[PDB]
């Protein structure tokens, strides 16, 4: 028999080389729809995958964060020399309100609660916007070959910094650690914090008959 192979459950996952591919439909209760995900290929620190979705309702509420998460031991920033990454992706769908973003977390201890979250958005689609206490940038730095718009704002007892590419970026390669150095140098983030999480995926708000194709994604820590 041939069956649907994509996984669709709220907390379903797949293991793929150095990655976990999470469905992470954490916000599904905020609306109506569904989301199914699958691995296409993998080899060590590289993965190709896709996700398709339709979400309605809860227009300002994220429904999910399907993502490829690197398996690694939490490491203090001052022990990291570079985090090379490459990401090639494309989106299809209608009325897509979503981002394509890295999601990363810093904590005082390896097993402890997060203190900072750092997102790096390669795309803001359909008017999607980052968490921001003002609605405006705090800085507009050039990092890893891209001109970014940096925002900040709270999420519970954490501060979220979001670097948003000036233009939609379907193909990206550079050193993700440059974003952590930037915040250590410019925003008072301690270089003694542990990087606990390195994820790359998409946050949908609303849209229909959407599909993200990640043709290539790689990341490592040196």
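Residue numbers count along the first chain shown, from 1.
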query: Between the two ranges 40 to 48 and 160 to 168, the one averaging a larger CA B factor in the entry; finding: 40 to 48
query: Higher-B stretch (mean Cα B-factor, as the entry records it), 122 to 130 or 107 to 115; finding: 107 to 115
query: Largest Cα B-factor, entry values, listed residues 183, 195, 66, 30; finding: 30
query: Highest-ranked of 152, 81, 147, 86 once sorted by CA temperature factor in the record; finding: 81
query: Modelled-residue ranking by C-alpha temperature factor, third containing residue 35; finding: middle
query: Entry-reported Cα temperature factor of residue 142, expressed as the chain third it lands in; finding: lowest
query: Residue 189 CA temperature factor, ranked by third within the chain; finding: highest
query: Third of the chain's Cα B-factor distribution that residue 2 belongs to, per the entry; finding: highest
query: Third of chain Cα B-factors occupied by residue 201; finding: lowest
